[PDB]
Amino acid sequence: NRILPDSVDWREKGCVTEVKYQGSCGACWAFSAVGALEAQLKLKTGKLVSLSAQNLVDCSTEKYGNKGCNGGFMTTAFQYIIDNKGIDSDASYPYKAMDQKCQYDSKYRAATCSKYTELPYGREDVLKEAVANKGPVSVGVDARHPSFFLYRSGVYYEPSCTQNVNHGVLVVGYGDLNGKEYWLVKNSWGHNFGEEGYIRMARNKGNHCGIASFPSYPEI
């Protein structure tokens, strides 16, 4: 294993915004992407600002292989931000859990993206390195299993989990709790979900739930 901190929690560095509630809109990919960029924005500017998931839903659309409330890709959302030369703040372009016309306006720009990086498939130590050294990382997980919705505490391990990911989330940390290594995952089902919106997911257990399958992070 690479030489790295044994645990990381980007919330401690003030790099993680409040947990969002996607509602009945499959915008997790958008929340996942903005969350990663929010951390980078804080690292660069010193200011923590929620970015507009809705801007991605409405504007990072067919050209990017995305389908708004019917799903999308974090990577292509990043490329949209690059191509578009910005993304608006959440306050300026609030989330409505619906597909809308693109209403991007540069006057409400709160961040940019210059590039993004895809981590190699399934490599949890590479993921750990990126979380330690770069910041929160956008990932997909298999969140199809009934146990996921009912998670309350501890470290989530679901034998039925697969590497077929379907749910974009944000890895904001990692560590060990009571002998179980975990990834600290920010979800977008509001603070009622899991631990105030977070789930600790099993780490170094064979790419559990595909968490390390498709990681990416942007840079400002």
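Counting begins at 1, following the sequence as shown.
Looking at mean Cα B-factors across 120-128 and 98-106, the upper value is held by 98-106. Once the C-alpha B-factors are averaged per stretch, 11-19 and 194-202 rank with 11-19 first.
Across 55, 66, 153, 187, the greatest Cα temperature factor reported in the deposited entry is at 153. Residue set 91, 143, 74, 81: peak C-alpha B-factor at 91 (per PDB entry).
The PDB entry assigns residue 48 a C-alpha temperature factor belonging to the highest third of its chain's modelled residues. Residue 181: CA B factor in the middle third of modelled residues in this chain (values from the PDB entry).
For residue 139, the recorded CA B-factor ranks within the lowest third of the chain. Only modelled residues enter the ranking. Residue-level temperature factors show residue 164 in the highest third of its chain, judged at the C-alpha atom. Per the deposited record, the Cα B-factor of residue 215 falls in the lowest third when ranked against the other modelled residues of its chain.
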